[PDB]
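K.L.:
If it helps, the file is called my_file20.cif and holds mmCIF, N, CA and C atoms:
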```
data_query
#
loop_
_atom_site.group_PDB
_atom_site.id
_atom_site.type_symbol
_atom_site.label_atom_id
_atom_site.label_comp_id
_atom_site.auth_asym_id
_atom_site.auth_seq_id
_atom_site.Cartn_x
_atom_site.Cartn_y
_atom_site.Cartn_z
ATOM 1 N N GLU K 349 55.005 -4.147 -7.272
ATOM 2 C CA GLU K 349 55.453 -4.871 -6.081
ATOM 3 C C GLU K 349 54.285 -5.585 -5.408
ATOM 4 N N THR K 350 53.090 -4.981 -5.450
ATOM 5 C CA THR K 350 51.910 -5.656 -4.907
ATOM 6 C C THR K 350 51.604 -6.940 -5.676
ATOM 7 N N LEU K 351 51.658 -6.887 -7.012
ATOM 8 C CA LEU K 351 51.441 -8.085 -7.817
ATOM 9 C C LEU K 351 52.524 -9.125 -7.542
ATOM 10 N N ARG K 352 53.762 -8.675 -7.300
ATOM 11 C CA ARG K 352 54.831 -9.597 -6.916
ATOM 12 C C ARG K 352 54.612 -10.183 -5.527
ATOM 13 N N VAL K 353 53.829 -9.515 -4.680
ATOM 14 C CA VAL K 353 53.474 -10.078 -3.381
ATOM 15 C C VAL K 353 52.172 -10.878 -3.466
ATOM 16 N N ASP K 354 51.229 -10.460 -4.316
ATOM 17 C CA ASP K 354 49.867 -11.012 -4.334
ATOM 18 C C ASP K 354 49.344 -11.152 -5.764
ATOM 19 N N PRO K 355 49.002 -12.353 -6.247
ATOM 20 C CA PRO K 355 48.592 -12.493 -7.658
ATOM 21 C C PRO K 355 47.101 -12.427 -8.000
ATOM 22 N N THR K 356 46.167 -12.163 -7.079
ATOM 23 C CA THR K 356 44.744 -12.147 -7.451
ATOM 24 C C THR K 356 44.438 -10.899 -8.278
ATOM 25 N N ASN K 357 43.884 -11.093 -9.481
ATOM 26 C CA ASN K 357 43.595 -10.003 -10.417
ATOM 27 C C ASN K 357 42.234 -10.202 -11.086
ATOM 28 N N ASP K 358 41.284 -10.819 -10.379
ATOM 29 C CA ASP K 358 40.001 -11.216 -10.955
ATOM 30 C C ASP K 358 38.826 -10.675 -10.149
ATOM 31 N N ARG K 359 37.706 -10.486 -10.853
ATOM 32 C CA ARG K 359 36.488 -9.971 -10.236
ATOM 33 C C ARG K 359 35.786 -11.012 -9.382
ATOM 34 N N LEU K 360 35.739 -12.269 -9.825
ATOM 35 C CA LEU K 360 34.954 -13.236 -9.063
ATOM 36 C C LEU K 360 35.626 -13.517 -7.731
ATOM 37 N N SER K 361 36.957 -13.492 -7.690
ATOM 38 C CA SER K 361 37.620 -13.494 -6.394
ATOM 39 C C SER K 361 37.263 -12.235 -5.626
ATOM 40 N N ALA K 362 37.103 -11.107 -6.331
ATOM 41 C CA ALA K 362 36.614 -9.897 -5.682
ATOM 42 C C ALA K 362 35.252 -10.145 -5.054
ATOM 43 N N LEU K 363 34.387 -10.886 -5.744
ATOM 44 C CA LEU K 363 33.038 -11.123 -5.249
ATOM 45 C C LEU K 363 33.018 -12.153 -4.115
ATOM 46 N N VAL K 364 33.827 -13.206 -4.226
ATOM 47 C CA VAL K 364 33.971 -14.169 -3.133
ATOM 48 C C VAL K 364 34.542 -13.500 -1.898
ATOM 49 N N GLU K 365 35.572 -12.682 -2.072
ATOM 50 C CA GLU K 365 36.123 -11.944 -0.951
ATOM 51 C C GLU K 365 35.115 -10.918 -0.449
ATOM 52 N N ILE K 366 34.263 -10.397 -1.337
ATOM 53 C CA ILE K 366 33.136 -9.570 -0.916
ATOM 54 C C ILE K 366 32.245 -10.352 0.029
ATOM 55 N N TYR K 367 31.812 -11.534 -0.402
ATOM 56 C CA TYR K 367 31.045 -12.417 0.461
ATOM 57 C C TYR K 367 31.754 -12.630 1.778
ATOM 58 N N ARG K 368 33.047 -12.871 1.698
ATOM 59 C CA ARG K 368 33.795 -13.366 2.827
ATOM 60 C C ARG K 368 33.987 -12.282 3.867
ATOM 61 N N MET K 369 34.207 -11.045 3.436
ATOM 62 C CA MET K 369 34.173 -9.946 4.387
ATOM 63 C C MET K 369 32.764 -9.759 4.925
ATOM 64 N N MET K 370 31.764 -9.926 4.063
ATOM 65 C CA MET K 370 30.387 -9.679 4.454
ATOM 66 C C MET K 370 29.829 -10.835 5.246
ATOM 67 N N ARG K 371 30.316 -12.029 4.962
ATOM 68 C CA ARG K 371 29.787 -13.260 5.520
ATOM 69 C C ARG K 371 30.987 -14.117 5.886
ATOM 70 N N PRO K 372 31.767 -13.664 6.869
ATOM 71 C CA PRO K 372 33.017 -14.345 7.207
ATOM 72 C C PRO K 372 32.751 -15.641 7.936
ATOM 73 N N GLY K 373 33.514 -16.656 7.558
ATOM 74 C CA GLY K 373 33.231 -18.016 7.943
ATOM 75 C C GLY K 373 32.062 -18.643 7.224
ATOM 76 N N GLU K 374 31.281 -17.858 6.454
ATOM 77 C CA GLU K 374 30.147 -18.411 5.752
ATOM 78 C C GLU K 374 30.551 -18.805 4.333
ATOM 79 N N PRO K 375 29.980 -19.869 3.774
ATOM 80 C CA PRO K 375 30.350 -20.275 2.417
ATOM 81 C C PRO K 375 29.903 -19.263 1.377
ATOM 82 N N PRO K 376 30.823 -18.675 0.607
ATOM 83 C CA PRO K 376 30.391 -17.887 -0.550
ATOM 84 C C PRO K 376 29.699 -18.713 -1.608
ATOM 85 N N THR K 377 28.488 -18.273 -1.937
ATOM 86 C CA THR K 377 27.780 -18.701 -3.126
ATOM 87 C C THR K 377 27.522 -17.456 -3.957
ATOM 88 N N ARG K 378 27.483 -17.649 -5.269
ATOM 89 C CA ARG K 378 27.667 -16.527 -6.179
ATOM 90 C C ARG K 378 26.470 -15.606 -6.207
ATOM 91 N N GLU K 379 25.271 -16.144 -6.367
ATOM 92 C CA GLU K 379 24.142 -15.246 -6.250
ATOM 93 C C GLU K 379 23.996 -14.735 -4.828
ATOM 94 N N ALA K 380 24.523 -15.440 -3.829
ATOM 95 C CA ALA K 380 24.498 -14.898 -2.478
ATOM 96 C C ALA K 380 25.442 -13.716 -2.343
ATOM 97 N N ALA K 381 26.711 -13.892 -2.716
ATOM 98 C CA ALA K 381 27.662 -12.784 -2.680
ATOM 99 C C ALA K 381 27.184 -11.616 -3.510
ATOM 100 N N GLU K 382 26.618 -11.904 -4.670
ATOM 101 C CA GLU K 382 26.224 -10.846 -5.582
ATOM 102 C C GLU K 382 24.938 -10.166 -5.135
ATOM 103 N N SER K 383 23.923 -10.940 -4.737
ATOM 104 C CA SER K 383 22.686 -10.350 -4.240
ATOM 105 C C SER K 383 22.932 -9.591 -2.952
ATOM 106 N N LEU K 384 23.775 -10.136 -2.087
ATOM 107 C CA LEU K 384 24.328 -9.391 -0.971
ATOM 108 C C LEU K 384 24.863 -8.043 -1.449
ATOM 109 N N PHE K 385 25.900 -8.095 -2.299
ATOM 110 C CA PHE K 385 26.603 -6.919 -2.807
ATOM 111 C C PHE K 385 25.639 -5.887 -3.405
ATOM 112 N N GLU K 386 24.635 -6.347 -4.155
ATOM 113 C CA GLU K 386 23.689 -5.448 -4.822
ATOM 114 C C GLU K 386 22.554 -5.017 -3.892
ATOM 115 N N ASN K 387 21.676 -5.971 -3.555
ATOM 116 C CA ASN K 387 20.419 -5.705 -2.869
ATOM 117 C C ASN K 387 20.624 -4.942 -1.570
ATOM 118 N N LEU K 388 21.775 -5.129 -0.903
ATOM 119 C CA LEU K 388 22.023 -4.427 0.349
ATOM 120 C C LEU K 388 21.772 -2.933 0.223
ATOM 121 N N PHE K 389 22.580 -2.250 -0.581
ATOM 122 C CA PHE K 389 22.549 -0.797 -0.620
ATOM 123 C C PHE K 389 22.428 -0.301 -2.050
ATOM 124 N N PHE K 390 21.713 -1.042 -2.897
ATOM 125 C CA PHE K 390 21.160 -0.422 -4.089
ATOM 126 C C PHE K 390 19.725 -0.843 -4.380
ATOM 127 N N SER K 391 19.132 -1.732 -3.595
ATOM 128 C CA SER K 391 17.745 -2.100 -3.819
ATOM 129 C C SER K 391 16.812 -1.028 -3.293
ATOM 130 N N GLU K 392 15.620 -0.987 -3.877
ATOM 131 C CA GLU K 392 14.597 -0.075 -3.403
ATOM 132 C C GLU K 392 14.055 -0.513 -2.055
ATOM 133 N N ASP K 393 14.130 -1.815 -1.766
ATOM 134 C CA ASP K 393 13.634 -2.356 -0.508
ATOM 135 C C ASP K 393 14.342 -1.703 0.661
ATOM 136 N N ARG K 394 15.664 -1.640 0.593
ATOM 137 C CA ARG K 394 16.412 -1.102 1.712
ATOM 138 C C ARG K 394 16.188 0.390 1.859
ATOM 139 N N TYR K 395 16.524 1.167 0.829
ATOM 140 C CA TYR K 395 16.281 2.606 0.857
ATOM 141 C C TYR K 395 14.783 2.718 0.873
ATOM 142 N N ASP K 396 14.245 2.708 2.097
ATOM 143 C CA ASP K 396 12.994 2.029 2.409
ATOM 144 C C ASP K 396 11.972 2.382 1.351
ATOM 145 N N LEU K 397 11.555 3.644 1.299
ATOM 146 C CA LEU K 397 11.478 4.397 0.040
ATOM 147 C C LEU K 397 11.738 5.882 0.238
ATOM 148 N N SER K 398 11.979 6.317 1.480
ATOM 149 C CA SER K 398 11.687 7.661 1.980
ATOM 150 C C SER K 398 11.792 8.773 0.953
ATOM 151 N N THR R 94 35.501 -17.783 15.060
ATOM 152 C CA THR R 94 34.118 -17.372 15.276
ATOM 153 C C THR R 94 33.640 -17.877 16.633
ATOM 154 N N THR R 95 33.110 -16.965 17.451
ATOM 155 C CA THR R 95 32.638 -17.320 18.787
ATOM 156 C C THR R 95 31.212 -17.864 18.762
ATOM 157 N N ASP R 96 30.461 -17.575 17.706
ATOM 158 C CA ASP R 96 29.049 -17.913 17.616
ATOM 159 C C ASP R 96 28.837 -19.425 17.485
ATOM 160 N N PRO R 97 27.991 -20.057 18.315
ATOM 161 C CA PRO R 97 27.598 -21.446 18.025
ATOM 162 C C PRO R 97 26.645 -21.581 16.864
ATOM 163 N N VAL R 98 26.069 -20.491 16.364
ATOM 164 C CA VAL R 98 25.197 -20.597 15.199
ATOM 165 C C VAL R 98 26.022 -20.849 13.944
ATOM 166 N N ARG R 99 27.112 -20.099 13.752
ATOM 167 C CA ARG R 99 28.013 -20.422 12.650
ATOM 168 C C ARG R 99 28.577 -21.821 12.801
ATOM 169 N N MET R 100 29.072 -22.154 13.997
ATOM 170 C CA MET R 100 29.599 -23.492 14.246
ATOM 171 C C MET R 100 28.551 -24.544 13.926
ATOM 172 N N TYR R 101 27.351 -24.382 14.470
ATOM 173 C CA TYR R 101 26.317 -25.388 14.303
ATOM 174 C C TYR R 101 25.842 -25.476 12.863
ATOM 175 N N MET R 102 25.681 -24.342 12.188
ATOM 176 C CA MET R 102 25.175 -24.373 10.824
ATOM 177 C C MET R 102 26.242 -24.877 9.866
ATOM 178 N N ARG R 103 27.497 -24.652 10.204
ATOM 179 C CA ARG R 103 28.589 -25.249 9.466
ATOM 180 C C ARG R 103 28.698 -26.737 9.740
ATOM 181 N N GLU R 104 28.296 -27.165 10.935
ATOM 182 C CA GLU R 104 28.386 -28.567 11.318
ATOM 183 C C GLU R 104 27.219 -29.372 10.760
ATOM 184 N N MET R 105 26.016 -28.800 10.779
ATOM 185 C CA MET R 105 24.905 -29.379 10.038
ATOM 186 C C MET R 105 25.130 -29.213 8.549
ATOM 187 N N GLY R 106 25.835 -28.150 8.159
ATOM 188 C CA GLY R 106 26.252 -27.971 6.788
ATOM 189 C C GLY R 106 27.117 -29.091 6.243
ATOM 190 N N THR R 107 27.669 -29.942 7.113
ATOM 191 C CA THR R 107 28.510 -31.049 6.677
ATOM 192 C C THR R 107 27.693 -32.149 6.002
ATOM 193 N N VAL R 108 26.622 -32.607 6.648
ATOM 194 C CA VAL R 108 25.869 -33.769 6.183
ATOM 195 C C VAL R 108 24.758 -33.316 5.245
ATOM 196 N N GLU R 109 24.487 -34.134 4.228
ATOM 197 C CA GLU R 109 23.550 -33.808 3.167
ATOM 198 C C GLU R 109 22.192 -34.454 3.436
ATOM 199 N N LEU R 110 21.292 -34.274 2.478
ATOM 200 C CA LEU R 110 19.936 -34.805 2.526
ATOM 201 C C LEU R 110 19.856 -36.039 1.645
ATOM 202 N N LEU R 111 19.411 -37.141 2.230
ATOM 203 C CA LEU R 111 19.319 -38.428 1.555
ATOM 204 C C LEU R 111 17.848 -38.806 1.443
ATOM 205 N N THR R 112 17.346 -38.920 0.209
ATOM 206 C CA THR R 112 15.915 -38.819 -0.043
ATOM 207 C C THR R 112 15.390 -39.960 -0.919
ATOM 208 N N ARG R 113 14.136 -40.335 -0.631
ATOM 209 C CA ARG R 113 13.210 -41.088 -1.485
ATOM 210 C C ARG R 113 13.428 -42.595 -1.565
ATOM 211 N N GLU R 114 14.540 -43.109 -1.056
ATOM 212 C CA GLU R 114 14.565 -44.478 -0.545
ATOM 213 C C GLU R 114 15.406 -44.632 0.708
ATOM 214 N N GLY R 115 16.404 -43.777 0.931
ATOM 215 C CA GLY R 115 17.185 -43.851 2.149
ATOM 216 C C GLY R 115 16.358 -43.528 3.372
ATOM 217 N N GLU R 116 15.306 -42.729 3.204
ATOM 218 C CA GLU R 116 14.344 -42.533 4.281
ATOM 219 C C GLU R 116 13.633 -43.840 4.596
ATOM 220 N N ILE R 117 13.070 -44.458 3.562
ATOM 221 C CA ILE R 117 12.368 -45.715 3.736
ATOM 222 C C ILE R 117 13.358 -46.822 4.056
ATOM 223 N N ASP R 118 14.610 -46.695 3.611
ATOM 224 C CA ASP R 118 15.614 -47.690 3.975
ATOM 225 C C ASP R 118 15.993 -47.580 5.446
ATOM 226 N N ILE R 119 16.120 -46.356 5.966
ATOM 227 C CA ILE R 119 16.276 -46.178 7.406
ATOM 228 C C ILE R 119 15.121 -46.846 8.122
ATOM 229 N N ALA R 120 13.907 -46.612 7.632
ATOM 230 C CA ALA R 120 12.725 -47.213 8.235
ATOM 231 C C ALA R 120 12.785 -48.739 8.177
ATOM 232 N N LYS R 121 13.284 -49.285 7.066
ATOM 233 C CA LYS R 121 13.322 -50.735 6.889
ATOM 234 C C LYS R 121 14.422 -51.391 7.715
ATOM 235 N N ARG R 122 15.599 -50.780 7.786
ATOM 236 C CA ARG R 122 16.630 -51.292 8.678
ATOM 237 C C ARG R 122 16.165 -51.227 10.119
ATOM 238 N N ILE R 123 15.509 -50.124 10.476
ATOM 239 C CA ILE R 123 14.981 -49.957 11.819
ATOM 240 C C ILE R 123 14.014 -51.085 12.132
ATOM 241 N N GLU R 124 12.998 -51.258 11.286
ATOM 242 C CA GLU R 124 11.990 -52.276 11.553
ATOM 243 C C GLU R 124 12.590 -53.672 11.504
ATOM 244 N N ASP R 125 13.607 -53.895 10.672
ATOM 245 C CA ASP R 125 14.250 -55.203 10.629
ATOM 246 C C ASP R 125 14.919 -55.537 11.959
ATOM 247 N N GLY R 126 15.817 -54.667 12.416
ATOM 248 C CA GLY R 126 16.451 -54.850 13.708
ATOM 249 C C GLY R 126 15.463 -55.039 14.836
ATOM 250 N N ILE R 127 14.399 -54.243 14.776
ATOM 251 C CA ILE R 127 13.305 -54.353 15.736
ATOM 252 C C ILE R 127 12.708 -55.755 15.703
ATOM 253 N N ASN R 128 12.388 -56.226 14.497
ATOM 254 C CA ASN R 128 11.830 -57.557 14.316
ATOM 255 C C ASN R 128 12.750 -58.619 14.895
ATOM 256 N N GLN R 129 14.056 -58.387 14.844
ATOM 257 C CA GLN R 129 15.009 -59.360 15.357
ATOM 258 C C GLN R 129 15.195 -59.285 16.864
ATOM 259 N N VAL R 130 14.953 -58.132 17.471
ATOM 260 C CA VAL R 130 14.901 -58.114 18.929
ATOM 261 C C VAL R 130 13.638 -58.801 19.414
ATOM 262 N N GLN R 131 12.538 -58.699 18.675
ATOM 263 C CA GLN R 131 11.356 -59.459 19.077
ATOM 264 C C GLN R 131 11.495 -60.932 18.710
ATOM 265 N N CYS R 132 12.361 -61.263 17.753
ATOM 266 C CA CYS R 132 12.789 -62.648 17.619
ATOM 267 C C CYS R 132 13.464 -63.088 18.900
ATOM 268 N N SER R 133 14.496 -62.341 19.314
ATOM 269 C CA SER R 133 15.196 -62.601 20.568
ATOM 270 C C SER R 133 14.234 -62.711 21.746
ATOM 271 N N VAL R 134 13.118 -61.982 21.699
ATOM 272 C CA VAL R 134 12.025 -62.212 22.642
ATOM 273 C C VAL R 134 11.413 -63.592 22.419
ATOM 274 N N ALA R 135 11.219 -63.987 21.159
ATOM 275 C CA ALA R 135 10.561 -65.260 20.849
ATOM 276 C C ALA R 135 11.317 -66.505 21.317
ATOM 277 N N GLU R 136 12.570 -66.339 21.743
ATOM 278 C CA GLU R 136 13.464 -67.422 22.152
ATOM 279 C C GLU R 136 13.968 -67.223 23.589
ATOM 280 N N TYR R 137 13.028 -66.997 24.540
ATOM 281 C CA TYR R 137 13.077 -66.388 25.881
ATOM 282 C C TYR R 137 13.421 -67.368 27.020
ATOM 283 N N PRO R 138 14.148 -66.879 28.094
ATOM 284 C CA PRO R 138 14.045 -67.491 29.433
ATOM 285 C C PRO R 138 12.900 -66.873 30.221
ATOM 286 N N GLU R 139 12.865 -67.112 31.537
ATOM 287 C CA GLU R 139 11.989 -66.412 32.478
ATOM 288 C C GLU R 139 11.859 -64.907 32.269
ATOM 289 N N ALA R 140 12.880 -64.275 31.666
ATOM 290 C CA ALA R 140 12.929 -62.821 31.524
ATOM 291 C C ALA R 140 11.619 -62.265 30.998
ATOM 292 N N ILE R 141 11.145 -62.784 29.873
ATOM 293 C CA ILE R 141 9.882 -62.293 29.349
ATOM 294 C C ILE R 141 8.721 -62.850 30.181
ATOM 295 N N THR R 142 8.553 -64.177 30.226
ATOM 296 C CA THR R 142 7.420 -64.842 30.880
ATOM 297 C C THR R 142 6.083 -64.174 30.531
#
```
Show me the file's structure as structure tokens.
P.N.:
Amino acid sequence: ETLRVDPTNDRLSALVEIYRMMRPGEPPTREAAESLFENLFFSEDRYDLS
Amino acid sequence: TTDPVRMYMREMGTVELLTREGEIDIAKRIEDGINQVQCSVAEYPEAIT
């Protein structure tokens, strides 16, 4: 029933919507959405190093 | 969005960068028009004197 209501079934839309929740009103760009998605809370930079 | 930064960056986000002759073309149109106002000076009444 969800697919009958909503047809998005792709990852890159997942990543654009990732950008869009993360950067709402901001233009999704792919390395931006992805580097956002990754570097935020899996980079060593953030997990400061403690 | 309430932020003028998103608004402004989206609004500057509209227009692109025009490079390597449009800069000099802006300069040339500018100087041309300028040259023609000083022409208009060259064909003066008392105004200039």
K.L.:
Taking into account all atoms listed in the file, which residue in the set K:387, K:353, K:373, K:394 is nearest to chain R?
P.N.:
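Distance minimum relative to chain R lands on K:373.
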K.L.:
Taking only N, CA and C atoms into account, report as an MDAnalysis selection string which residues of chain K lie within 8 Å of chain R.
P.N.:
chainID K and resid 372:375
K.L.:
Looking only at alpha helix (DSSP H) from DSSP on the backbone, list the matching residues of chain K as a list in words.
P.N.:
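Across chain K, those assigned alpha helix (DSSP H) are residues 350, 351, 352, 353, 359, 360, 361, 362, 363, 364, 365, 366, 367, 368, 369, 370, 378, 379, 380, 381, 382, 383, 384, 385, 386, 387, 388, 389 and 390 of chain K.
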K.L.:
Would you save the residues from that selection as a PDB file, in the coordinates of the input, using N, CA and C atoms?
P.N.:
```
ATOM      1  N   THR K 350      53.090  -4.981  -5.450  1.00  0.00           N
ATOM      2  CA  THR K 350      51.910  -5.656  -4.907  1.00  0.00           C
ATOM      3  C   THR K 350      51.604  -6.940  -5.676  1.00  0.00           C
ATOM      4  N   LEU K 351      51.658  -6.887  -7.012  1.00  0.00           N
ATOM      5  CA  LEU K 351      51.441  -8.085  -7.817  1.00  0.00           C
ATOM      6  C   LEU K 351      52.524  -9.125  -7.542  1.00  0.00           C
ATOM      7  N   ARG K 352      53.762  -8.675  -7.300  1.00  0.00           N
ATOM      8  CA  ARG K 352      54.831  -9.597  -6.916  1.00  0.00           C
ATOM      9  C   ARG K 352      54.612 -10.183  -5.527  1.00  0.00           C
ATOM     10  N   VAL K 353      53.829  -9.515  -4.680  1.00  0.00           N
ATOM     11  CA  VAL K 353      53.474 -10.078  -3.381  1.00  0.00           C
ATOM     12  C   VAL K 353      52.172 -10.878  -3.466  1.00  0.00           C
ATOM     13  N   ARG K 359      37.706 -10.486 -10.853  1.00  0.00           N
ATOM     14  CA  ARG K 359      36.488  -9.971 -10.236  1.00  0.00           C
ATOM     15  C   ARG K 359      35.786 -11.012  -9.382  1.00  0.00           C
ATOM     16  N   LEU K 360      35.739 -12.269  -9.825  1.00  0.00           N
ATOM     17  CA  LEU K 360      34.954 -13.236  -9.063  1.00  0.00           C
ATOM     18  C   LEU K 360      35.626 -13.517  -7.731  1.00  0.00           C
ATOM     19  N   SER K 361      36.957 -13.492  -7.690  1.00  0.00           N
ATOM     20  CA  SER K 361      37.620 -13.494  -6.394  1.00  0.00           C
ATOM     21  C   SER K 361      37.263 -12.235  -5.626  1.00  0.00           C
ATOM     22  N   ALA K 362      37.103 -11.107  -6.331  1.00  0.00           N
ATOM     23  CA  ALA K 362      36.614  -9.897  -5.682  1.00  0.00           C
ATOM     24  C   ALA K 362      35.252 -10.145  -5.054  1.00  0.00           C
ATOM     25  N   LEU K 363      34.387 -10.886  -5.744  1.00  0.00           N
ATOM     26  CA  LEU K 363      33.038 -11.123  -5.249  1.00  0.00           C
ATOM     27  C   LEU K 363      33.018 -12.153  -4.115  1.00  0.00           C
ATOM     28  N   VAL K 364      33.827 -13.206  -4.226  1.00  0.00           N
ATOM     29  CA  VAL K 364      33.971 -14.169  -3.133  1.00  0.00           C
ATOM     30  C   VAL K 364      34.542 -13.500  -1.898  1.00  0.00           C
ATOM     31  N   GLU K 365      35.572 -12.682  -2.072  1.00  0.00           N
ATOM     32  CA  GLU K 365      36.123 -11.944  -0.951  1.00  0.00           C
ATOM     33  C   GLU K 365      35.115 -10.918  -0.449  1.00  0.00           C
ATOM     34  N   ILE K 366      34.263 -10.397  -1.337  1.00  0.00           N
ATOM     35  CA  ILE K 366      33.136  -9.570  -0.916  1.00  0.00           C
ATOM     36  C   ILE K 366      32.245 -10.352   0.029  1.00  0.00           C
ATOM     37  N   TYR K 367      31.812 -11.534  -0.402  1.00  0.00           N
ATOM     38  CA  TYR K 367      31.045 -12.417   0.461  1.00  0.00           C
ATOM     39  C   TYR K 367      31.754 -12.630   1.778  1.00  0.00           C
ATOM     40  N   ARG K 368      33.047 -12.871   1.698  1.00  0.00           N
ATOM     41  CA  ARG K 368      33.795 -13.366   2.827  1.00  0.00           C
ATOM     42  C   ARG K 368      33.987 -12.282   3.867  1.00  0.00           C
ATOM     43  N   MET K 369      34.207 -11.045   3.436  1.00  0.00           N
ATOM     44  CA  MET K 369      34.173  -9.946   4.387  1.00  0.00           C
ATOM     45  C   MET K 369      32.764  -9.759   4.925  1.00  0.00           C
ATOM     46  N   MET K 370      31.764  -9.926   4.063  1.00  0.00           N
ATOM     47  CA  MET K 370      30.387  -9.679   4.454  1.00  0.00           C
ATOM     48  C   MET K 370      29.829 -10.835   5.246  1.00  0.00           C
ATOM     49  N   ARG K 378      27.483 -17.649  -5.269  1.00  0.00           N
ATOM     50  CA  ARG K 378      27.667 -16.527  -6.179  1.00  0.00           C
ATOM     51  C   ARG K 378      26.470 -15.606  -6.207  1.00  0.00           C
ATOM     52  N   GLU K 379      25.271 -16.144  -6.367  1.00  0.00           N
ATOM     53  CA  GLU K 379      24.142 -15.246  -6.250  1.00  0.00           C
ATOM     54  C   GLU K 379      23.996 -14.735  -4.828  1.00  0.00           C
ATOM     55  N   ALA K 380      24.523 -15.440  -3.829  1.00  0.00           N
ATOM     56  CA  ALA K 380      24.498 -14.898  -2.478  1.00  0.00           C
ATOM     57  C   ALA K 380      25.442 -13.716  -2.343  1.00  0.00           C
ATOM     58  N   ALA K 381      26.711 -13.892  -2.716  1.00  0.00           N
ATOM     59  CA  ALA K 381      27.662 -12.784  -2.680  1.00  0.00           C
ATOM     60  C   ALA K 381      27.184 -11.616  -3.510  1.00  0.00           C
ATOM     61  N   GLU K 382      26.618 -11.904  -4.670  1.00  0.00           N
ATOM     62  CA  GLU K 382      26.224 -10.846  -5.582  1.00  0.00           C
ATOM     63  C   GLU K 382      24.938 -10.166  -5.135  1.00  0.00           C
ATOM     64  N   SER K 383      23.923 -10.940  -4.737  1.00  0.00           N
ATOM     65  CA  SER K 383      22.686 -10.350  -4.240  1.00  0.00           C
ATOM     66  C   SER K 383      22.932  -9.591  -2.952  1.00  0.00           C
ATOM     67  N   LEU K 384      23.775 -10.136  -2.087  1.00  0.00           N
ATOM     68  CA  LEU K 384      24.328  -9.391  -0.971  1.00  0.00           C
ATOM     69  C   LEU K 384      24.863  -8.043  -1.449  1.00  0.00           C
ATOM     70  N   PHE K 385      25.900  -8.095  -2.299  1.00  0.00           N
ATOM     71  CA  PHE K 385      26.603  -6.919  -2.807  1.00  0.00           C
ATOM     72  C   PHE K 385      25.639  -5.887  -3.405  1.00  0.00           C
ATOM     73  N   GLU K 386      24.635  -6.347  -4.155  1.00  0.00           N
ATOM     74  CA  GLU K 386      23.689  -5.448  -4.822  1.00  0.00           C
ATOM     75  C   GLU K 386      22.554  -5.017  -3.892  1.00  0.00           C
ATOM     76  N   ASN K 387      21.676  -5.971  -3.555  1.00  0.00           N
ATOM     77  CA  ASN K 387      20.419  -5.705  -2.869  1.00  0.00           C
ATOM     78  C   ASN K 387      20.624  -4.942  -1.570  1.00  0.00           C
ATOM     79  N   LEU K 388      21.775  -5.129  -0.903  1.00  0.00           N
ATOM     80  CA  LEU K 388      22.023  -4.427   0.349  1.00  0.00           C
ATOM     81  C   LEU K 388      21.772  -2.933   0.223  1.00  0.00           C
ATOM     82  N   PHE K 389      22.580  -2.250  -0.581  1.00  0.00           N
ATOM     83  CA  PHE K 389      22.549  -0.797  -0.620  1.00  0.00           C
ATOM     84  C   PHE K 389      22.428  -0.301  -2.050  1.00  0.00           C
ATOM     85  N   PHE K 390      21.713  -1.042  -2.897  1.00  0.00           N
ATOM     86  CA  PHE K 390      21.160  -0.422  -4.089  1.00  0.00           C
ATOM     87  C   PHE K 390      19.725  -0.843  -4.380  1.00  0.00           C
TER      88      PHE K 390
END
```
K.L.:
Grab the atom C of residue 359 of chain K to atom CA of residue 371 of chain K distance for me, in Å with one decimal place.
P.N.:
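Atom C of residue 359 of chain K sits 16.2 Å away from atom CA of residue 371 of chain K.
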K.L.:
Work out how far atom CA of residue 385 of chain K is from atom N of residue 398 of chain K, in Å to one decimal.
P.N.:
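Between atom N of residue 398 of chain K and atom CA of residue 385 of chain K the gap works out to 20.2 Å.
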K.L.:
Distance atom CA of residue 131 of chain R-atom C of residue 111 of chain R, one decimal place?
P.N.:
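Between atom CA of residue 131 of chain R and atom C of residue 111 of chain R the gap works out to 27.9 Å.
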K.L.:
Applying the PyMOL selection byres ((chain K and resi 381) around 8) to the file I just gave you, which residues come out? Please list them as an MDAnalysis selection string.
P.N.:
chainID K and resid 363:368 375:380 382:387
K.L.:
Place N, CA, C and O atoms on segment 379-384 of chain K and deliver the coordinates as a short mmCIF file (atom, residue, chain, number, x, y, z; two decimals), in the coordinates of the input.
P.N.:
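The new file selection10.cif reads:
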```
data_model
loop_
_atom_site.label_atom_id
_atom_site.label_comp_id
_atom_site.auth_asym_id
_atom_site.auth_seq_id
_atom_site.Cartn_x
_atom_site.Cartn_y
_atom_site.Cartn_z
N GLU K 379 25.27 -16.14 -6.37
CA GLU K 379 24.14 -15.25 -6.25
C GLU K 379 24.00 -14.74 -4.83
O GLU K 379 23.45 -13.65 -4.64
N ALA K 380 24.52 -15.44 -3.83
CA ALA K 380 24.50 -14.90 -2.48
C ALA K 380 25.44 -13.72 -2.34
O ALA K 380 25.03 -12.64 -1.91
N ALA K 381 26.71 -13.89 -2.72
CA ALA K 381 27.66 -12.78 -2.68
C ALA K 381 27.18 -11.62 -3.51
O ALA K 381 27.30 -10.46 -3.10
N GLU K 382 26.62 -11.90 -4.67
CA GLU K 382 26.22 -10.85 -5.58
C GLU K 382 24.94 -10.17 -5.14
O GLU K 382 24.84 -8.94 -5.19
N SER K 383 23.92 -10.94 -4.74
CA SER K 383 22.69 -10.35 -4.24
C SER K 383 22.93 -9.59 -2.95
O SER K 383 22.35 -8.53 -2.73
N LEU K 384 23.78 -10.14 -2.09
CA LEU K 384 24.33 -9.39 -0.97
C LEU K 384 24.86 -8.04 -1.45
O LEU K 384 24.26 -6.99 -1.18
#
```
